[PDB]
Amino acid sequence: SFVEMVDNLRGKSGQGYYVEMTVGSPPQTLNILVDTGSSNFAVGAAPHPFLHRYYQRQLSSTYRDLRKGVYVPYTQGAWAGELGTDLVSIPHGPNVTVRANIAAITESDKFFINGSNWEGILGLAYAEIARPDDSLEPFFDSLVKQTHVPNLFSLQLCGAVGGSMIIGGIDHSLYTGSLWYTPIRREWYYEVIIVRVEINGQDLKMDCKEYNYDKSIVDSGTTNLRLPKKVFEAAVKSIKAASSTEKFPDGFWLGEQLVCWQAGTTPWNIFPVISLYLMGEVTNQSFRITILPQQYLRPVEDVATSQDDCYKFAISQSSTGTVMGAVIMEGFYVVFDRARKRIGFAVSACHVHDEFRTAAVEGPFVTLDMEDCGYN
Ligand SMILES: C[C@@]1(N)Cc2cccc(c2)/C=C\C(c2ccccc2)=N\C(=O)c2cc(cc(-c3ccccc3C#N)c2)COC1=O
């Protein structure tokens with residue numbers, strides 16, 4: 001029944017998944033980045049070199065200036081704008097219209113991406129991390145309070161881009177196998193708990209507290225699988241050992257160097273699979289999501305339809321905890337079940353795989369003392 005929401009996401013390889021959103025009156029449709037790592041709805045509202053279009057508040061009769069500024073600094077980039085509210089709809093999303101808070105971005109630094117084709121960002125996380133503070137109600141909260149749309153959305157990000165953002169439910173055609181759920185530990189970022197990490201079936205053997213030191217979150221707006229320094233180092237040592245058939249320069253594993261292969265010759269088979277075990281919904285029960293090199297090895301903006309496929313190792317370090325970005329999400333259909341405070345994972349019907357291996361979601365496994373893996 002959610003068919004009209006299927007394939008409502010677009011994007012350029014490595015630049016961000018976006019959905020169309022129509023704001024104001026008369027209608028002003030813009031391409032908006034789907035971001036589960038933040039909670040502010042904001043759109044470019046002034047000309048910018050990297051922006052094809054922008055929000056023109058003076059042309060919207062329903063726009064209400066809140067007479068207050070807002071500044072938002074992200075892990076990457078930042079912007080400044082004016083707060084206000086206007087009518088908002090998602091053409092290929094739920095059949096409703098709501099009055100939501102909207103930040104009109106007038107200035108920014110290293111936020112927008114040249115050629116990405118998106119002009120704003122939809123922060124889908126909770127109010128706790130919204131700017132200026134948690135009193136600025138996020139878009140999804142307004143949606144649920146003003147309409148009968150169920151408190152849940154799901155994301156199918158298809159990498160090389162496109163995908164689907166199903167709002168108010170789950171579309172069975174977007175995944176195979178069963179959906180496995182992990183609890184949302186706290187409602188601020190979409191925080192989860194990783195209890196075990198394996199490289200080609202081999203346990204990384206680190207104290208699970210290190211996997212979530214600070215926190216572990218799911219962010220559709222982050223490209224890589226980012227890991228805490230100590231975890232990153234151990235993971236890389238293990239991945240290098242498992243892919244010893246061919247040697248690569250140190251810089252490759254640091255994302256400083258790229259390696260290209262003749263079209264259709266990338267030796268996926270020499271790279272290991274990576275499994276992250278997440279806390280399940282029942283005591284001492286966990287499940288695992290497994291990604292292939294096709295997920296963690298990202299394609300880089302082609303030179304011009306050349307006979308060379310260049311890739312970048314998309315697993316990198318973080319000083320603010322684990323971030324399960326696009327590298328993780330592209331292999332699965334992810335359900336953000338806000339209503340039941342849980343996130344579900346299932347094999348995506350569009351994840352890129354080969355004839356030898358496939359991304360997977362498997363369970364259940366017995367894992368004790370999972371509660372002690374979270375940071376307080
Ligand atoms: C909350 C927010 N998600 C906001 C945000 C900030 C800056 C840019 C974007 C979004 C645009 C979309 C984009 C994507 C997303 C999926 C697919 C393709 C591109 N992401 C990036 O480009 C991006 C985003 C972030 C860190 C690095 C980043 C920085 C340094 C080292 C490694 C990195 C990675 N990964 C790169 C931190 O993300 C955020 O703060």
# chains A, B, ... in the order shown; residues from 1 in each chain; ligands from 1
$ residues_around --residues "region 324-341 of chain A" --least-positions-apart "6" --cutoff "7 Å" --atoms "only C-alpha atoms" --output "PyMOL selection string"
chain A and resi 151-159+174-175+183-184+217-226+291+295-296+314+347-348+351+359
$ write_last_selection --atoms "N, CA, C and O atoms" --output "CSV table (one decimal), in the first residue's frame"
chain,number,residue,atom,x,y,z
A,151,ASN,N,4.2,6.8,14.1
A,151,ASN,CA,5.5,7.3,14.5
A,151,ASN,C,6.6,6.3,14.1
A,151,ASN,O,7.2,5.7,15.0
A,152,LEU,N,6.9,6.2,12.8
A,152,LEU,CA,7.9,5.3,12.3
A,152,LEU,C,8.2,5.6,10.8
A,152,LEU,O,7.3,6.0,10.1
A,153,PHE,N,9.5,5.5,10.4
A,153,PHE,CA,9.9,5.6,9.1
A,153,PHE,C,10.9,4.6,8.8
A,153,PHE,O,11.6,4.1,9.7
A,154,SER,N,11.1,4.2,7.5
A,154,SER,CA,12.1,3.3,7.2
A,154,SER,C,12.9,3.8,6.0
A,154,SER,O,12.4,4.5,5.1
A,155,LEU,N,14.2,3.4,5.9
A,155,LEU,CA,15.0,3.8,4.8
A,155,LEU,C,15.7,2.7,4.1
A,155,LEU,O,16.3,1.8,4.7
A,156,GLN,N,15.6,2.7,2.7
A,156,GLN,CA,16.3,1.8,1.9
A,156,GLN,C,17.2,2.6,1.0
A,156,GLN,O,16.7,3.3,0.1
A,157,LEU,N,18.5,2.7,1.3
A,157,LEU,CA,19.4,3.5,0.6
A,157,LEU,C,20.2,2.5,-0.4
A,157,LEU,O,20.8,1.6,0.1
A,158,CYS,N,20.0,2.8,-1.7
A,158,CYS,CA,20.6,1.9,-2.7
A,158,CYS,C,21.9,2.7,-3.3
A,158,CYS,O,21.7,3.7,-3.9
A,159,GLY,N,23.0,2.1,-3.0
A,159,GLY,CA,24.3,2.7,-3.5
A,159,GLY,C,24.6,2.3,-4.9
A,159,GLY,O,23.9,1.4,-5.5
A,174,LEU,N,10.8,-4.0,-0.2
A,174,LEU,CA,12.1,-3.4,-0.1
A,174,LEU,C,13.1,-4.3,0.7
A,174,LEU,O,14.3,-3.9,0.8
A,175,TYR,N,12.7,-5.5,1.1
A,175,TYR,CA,13.6,-6.3,1.8
A,175,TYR,C,13.3,-7.8,1.7
A,175,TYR,O,12.2,-8.2,1.4
A,183,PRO,N,17.4,-2.2,20.3
A,183,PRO,CA,16.8,-1.1,21.0
A,183,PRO,C,17.5,0.3,20.8
A,183,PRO,O,18.7,0.3,20.5
A,184,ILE,N,16.7,1.3,20.8
A,184,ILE,CA,17.2,2.7,20.7
A,184,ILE,C,17.5,2.9,22.1
A,184,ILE,O,16.6,3.0,23.0
A,217,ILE,N,25.9,5.5,16.9
A,217,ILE,CA,24.6,6.0,16.3
A,217,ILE,C,24.5,5.6,14.8
A,217,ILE,O,25.4,5.1,14.2
A,218,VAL,N,23.3,5.7,14.3
A,218,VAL,CA,22.9,5.4,13.0
A,218,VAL,C,22.7,6.8,12.3
A,218,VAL,O,21.8,7.5,12.7
A,219,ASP,N,23.5,7.1,11.3
A,219,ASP,CA,23.4,8.4,10.6
A,219,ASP,C,23.4,8.2,9.1
A,219,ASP,O,24.5,8.0,8.5
A,220,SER,N,22.3,8.3,8.5
A,220,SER,CA,22.1,8.2,7.0
A,220,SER,C,22.9,9.4,6.3
A,220,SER,O,23.1,9.4,5.1
A,221,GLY,N,23.2,10.4,7.1
A,221,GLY,CA,23.9,11.6,6.6
A,221,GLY,C,25.4,11.5,6.7
A,221,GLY,O,26.1,12.5,6.4
A,222,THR,N,26.0,10.4,7.1
A,222,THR,CA,27.4,10.2,7.2
A,222,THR,C,27.7,9.1,6.1
A,222,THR,O,27.0,8.1,6.1
A,223,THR,N,28.8,9.3,5.3
A,223,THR,CA,29.1,8.3,4.3
A,223,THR,C,29.7,7.0,4.8
A,223,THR,O,29.2,5.9,4.5
A,224,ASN,N,30.7,7.1,5.7
A,224,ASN,CA,31.5,5.9,6.2
A,224,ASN,C,30.9,5.2,7.4
A,224,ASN,O,29.9,5.6,8.0
A,225,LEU,N,31.6,4.2,7.8
A,225,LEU,CA,31.4,3.4,9.0
A,225,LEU,C,32.5,4.0,9.8
A,225,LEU,O,33.7,3.7,9.5
A,226,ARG,N,32.2,4.9,10.7
A,226,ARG,CA,33.3,5.5,11.5
A,226,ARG,C,33.4,4.8,12.8
A,226,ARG,O,32.4,4.4,13.5
A,291,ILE,N,28.4,-6.9,6.3
A,291,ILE,CA,28.5,-6.1,5.0
A,291,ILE,C,29.7,-6.7,4.2
A,291,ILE,O,30.6,-7.3,4.8
A,295,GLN,N,30.3,-2.7,0.1
A,295,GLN,CA,29.7,-1.6,0.9
A,295,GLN,C,30.8,-0.7,1.5
A,295,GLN,O,30.6,0.5,1.4
A,296,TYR,N,31.8,-1.3,2.1
A,296,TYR,CA,32.9,-0.4,2.7
A,296,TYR,C,34.0,0.1,1.7
A,296,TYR,O,34.9,0.8,2.2
A,314,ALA,N,36.1,3.1,2.9
A,314,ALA,CA,35.2,3.9,3.7
A,314,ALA,C,34.9,3.6,5.1
A,314,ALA,O,33.8,3.8,5.6
A,347,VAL,N,17.9,-7.6,5.1
A,347,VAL,CA,18.7,-7.5,3.9
A,347,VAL,C,17.9,-6.7,2.9
A,347,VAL,O,16.7,-6.9,2.7
A,348,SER,N,18.5,-5.7,2.3
A,348,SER,CA,17.9,-4.9,1.3
A,348,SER,C,17.7,-5.6,0.0
A,348,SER,O,18.5,-6.4,-0.4
A,351,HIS,N,20.7,-4.0,-2.2
A,351,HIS,CA,22.1,-4.0,-1.8
A,351,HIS,C,23.0,-4.6,-2.9
A,351,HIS,O,22.6,-5.7,-3.5
A,359,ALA,N,25.2,-9.6,1.5
A,359,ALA,CA,25.1,-8.9,2.8
A,359,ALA,C,24.0,-9.7,3.6
A,359,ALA,O,23.2,-10.4,3.0
$ residues_near_ligand --ligand "ligand 1" --cutoff "8 Å" --atoms "only C-alpha atoms and all ligand atoms" --output "count of residues only"
38
$ closest_residue --among "A:10, A:52, A:131, A:353" --to "residue 40 (chain A)" --atoms "only C-alpha atoms"
A:131
$ atom_distance --atom1 "CA of residue 285 (chain A)" --atom2 "CA of residue 165 (chain A)"
28.7 Å
$ closest_residue --among "A:279, A:303, A:9, A:167" --to "residue 260 (chain A)" --atoms "only C-alpha atoms"
A:303
$ select_by_dssp --residues "region 60-132 of chain A" --states "strand (DSSP E)" --output "ChimeraX atom specification"
/A:64-73,78-89,98-109,120-123
$ write_last_selection --atoms "N, CA, C and O atoms" --output "compact mmCIF listing (two decimals), in the first residue's frame"
# COMPACT_ATOMS: atom_id res chain seq x y z
N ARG A 64 6.15 32.28 8.55
CA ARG A 64 6.11 33.08 9.77
C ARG A 64 7.52 33.17 10.36
O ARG A 64 8.03 32.18 10.88
N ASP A 65 8.13 34.34 10.28
CA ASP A 65 9.48 34.55 10.81
C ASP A 65 9.42 34.51 12.33
O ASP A 65 8.65 35.25 12.94
N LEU A 66 10.22 33.65 12.95
CA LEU A 66 10.23 33.55 14.41
C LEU A 66 11.10 34.61 15.08
O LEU A 66 11.24 34.62 16.30
N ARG A 67 11.70 35.49 14.29
CA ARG A 67 12.53 36.57 14.83
C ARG A 67 13.66 36.05 15.70
O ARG A 67 13.97 36.64 16.73
N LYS A 68 14.28 34.94 15.30
CA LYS A 68 15.38 34.37 16.06
C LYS A 68 16.33 33.65 15.11
O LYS A 68 15.90 32.97 14.18
N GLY A 69 17.63 33.82 15.35
CA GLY A 69 18.62 33.18 14.51
C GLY A 69 18.98 31.81 15.03
O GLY A 69 18.66 31.46 16.16
N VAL A 70 19.65 31.03 14.19
CA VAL A 70 20.06 29.68 14.57
C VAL A 70 21.39 29.37 13.89
O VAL A 70 21.61 29.73 12.74
N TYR A 71 22.27 28.71 14.64
CA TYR A 71 23.58 28.33 14.15
C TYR A 71 23.74 26.83 14.39
O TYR A 71 23.49 26.35 15.49
N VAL A 72 24.14 26.09 13.37
CA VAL A 72 24.29 24.66 13.52
C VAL A 72 25.62 24.14 13.01
O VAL A 72 25.89 24.18 11.81
N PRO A 73 26.48 23.68 13.93
CA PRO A 73 27.79 23.15 13.56
C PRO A 73 27.68 21.63 13.59
O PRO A 73 27.20 21.06 14.57
N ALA A 78 29.06 23.65 8.75
CA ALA A 78 28.18 24.44 9.61
C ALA A 78 27.43 25.49 8.80
O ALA A 78 27.86 25.87 7.72
N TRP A 79 26.31 25.95 9.34
CA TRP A 79 25.53 26.98 8.66
C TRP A 79 24.83 27.88 9.67
O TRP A 79 24.69 27.53 10.84
N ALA A 80 24.41 29.06 9.20
CA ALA A 80 23.70 30.02 10.03
C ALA A 80 22.46 30.44 9.24
O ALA A 80 22.51 30.54 8.02
N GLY A 81 21.35 30.67 9.94
CA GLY A 81 20.13 31.08 9.28
C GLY A 81 19.11 31.68 10.23
O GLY A 81 19.41 31.95 11.39
N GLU A 82 17.90 31.91 9.72
CA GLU A 82 16.81 32.50 10.50
C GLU A 82 15.75 31.43 10.77
O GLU A 82 15.43 30.64 9.89
N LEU A 83 15.20 31.43 11.97
CA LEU A 83 14.16 30.48 12.34
C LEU A 83 12.79 31.00 11.92
O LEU A 83 12.54 32.21 11.88
N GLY A 84 11.89 30.06 11.61
CA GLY A 84 10.55 30.41 11.21
C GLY A 84 9.74 29.14 11.04
O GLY A 84 10.23 28.05 11.36
N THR A 85 8.51 29.27 10.58
CA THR A 85 7.67 28.09 10.35
C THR A 85 6.91 28.31 9.05
O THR A 85 6.66 29.44 8.65
N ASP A 86 6.58 27.22 8.37
CA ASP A 86 5.83 27.32 7.13
C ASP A 86 5.16 25.97 6.90
O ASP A 86 5.43 25.00 7.63
N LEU A 87 4.27 25.90 5.92
CA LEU A 87 3.60 24.65 5.60
C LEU A 87 4.58 23.78 4.84
O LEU A 87 5.32 24.26 3.98
N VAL A 88 4.60 22.49 5.17
CA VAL A 88 5.51 21.55 4.54
C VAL A 88 4.80 20.25 4.18
O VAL A 88 4.02 19.71 4.97
N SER A 89 5.07 19.76 2.98
CA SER A 89 4.53 18.51 2.47
C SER A 89 5.68 17.77 1.80
O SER A 89 6.71 18.36 1.48
N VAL A 98 1.92 19.74 7.05
CA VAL A 98 2.07 20.20 8.42
C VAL A 98 2.78 21.54 8.51
O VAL A 98 3.47 21.95 7.57
N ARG A 99 2.58 22.24 9.62
CA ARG A 99 3.29 23.49 9.82
C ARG A 99 4.48 23.09 10.66
O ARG A 99 4.33 22.61 11.79
N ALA A 100 5.67 23.27 10.11
CA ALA A 100 6.88 22.86 10.80
C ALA A 100 7.90 23.97 10.93
O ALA A 100 7.88 24.96 10.18
N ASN A 101 8.81 23.80 11.89
CA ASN A 101 9.87 24.76 12.08
C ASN A 101 10.77 24.60 10.87
O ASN A 101 10.97 23.48 10.39
N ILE A 102 11.30 25.70 10.37
CA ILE A 102 12.18 25.66 9.22
C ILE A 102 13.27 26.71 9.40
O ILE A 102 12.98 27.87 9.70
N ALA A 103 14.51 26.30 9.23
CA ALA A 103 15.62 27.23 9.34
C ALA A 103 15.98 27.64 7.92
O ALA A 103 16.18 26.79 7.05
N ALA A 104 16.02 28.95 7.67
CA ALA A 104 16.38 29.47 6.36
C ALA A 104 17.88 29.74 6.42
O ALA A 104 18.32 30.68 7.07
N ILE A 105 18.65 28.91 5.73
CA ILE A 105 20.10 29.05 5.72
C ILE A 105 20.55 30.20 4.83
O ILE A 105 20.35 30.18 3.62
N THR A 106 21.18 31.20 5.44
CA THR A 106 21.64 32.36 4.69
C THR A 106 23.16 32.33 4.47
O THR A 106 23.67 33.00 3.57
N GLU A 107 23.87 31.56 5.29
CA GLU A 107 25.32 31.47 5.16
C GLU A 107 25.77 30.09 5.62
O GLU A 107 25.14 29.49 6.49
N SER A 108 26.84 29.58 5.03
CA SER A 108 27.33 28.26 5.40
C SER A 108 28.80 28.08 5.08
O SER A 108 29.37 28.83 4.29
N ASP A 109 29.42 27.09 5.72
CA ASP A 109 30.82 26.79 5.50
C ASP A 109 31.03 25.29 5.44
O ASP A 109 30.76 24.56 6.40
N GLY A 120 19.00 21.42 1.06
CA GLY A 120 18.64 21.54 2.45
C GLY A 120 18.85 20.22 3.15
O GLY A 120 19.35 19.28 2.54
N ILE A 121 18.46 20.15 4.42
CA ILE A 121 18.65 18.93 5.20
C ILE A 121 17.45 18.69 6.11
O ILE A 121 16.91 19.62 6.70
N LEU A 122 17.04 17.42 6.20
CA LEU A 122 15.93 17.02 7.05
C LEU A 122 16.47 16.23 8.23
O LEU A 122 16.81 15.05 8.09
N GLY A 123 16.58 16.89 9.38
CA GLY A 123 17.09 16.23 10.57
C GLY A 123 15.99 15.38 11.16
O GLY A 123 15.00 15.90 11.68
$ residues_around --residues "residue 284 (chain A)" --least-positions-apart "6" --cutoff "8 Å" --atoms "only C-alpha atoms" --output "ChimeraX atom specification"
/A:366-370
$ closest_residue --among "A:94, A:344, A:374, A:169" --to "residue 214 (chain A)" --atoms "only C-alpha atoms"
A:374
$ atom_distance --atom1 "CA of residue 272 (chain A)" --atom2 "CA of residue 364 (chain A)"
22.1 Å
$ residues_around --residues "residue 57 (chain A)" --least-positions-apart "3" --cutoff "8 Å" --atoms "only C-alpha atoms" --output "list in words"
residues 24, 45, 60 and 63 of chain A
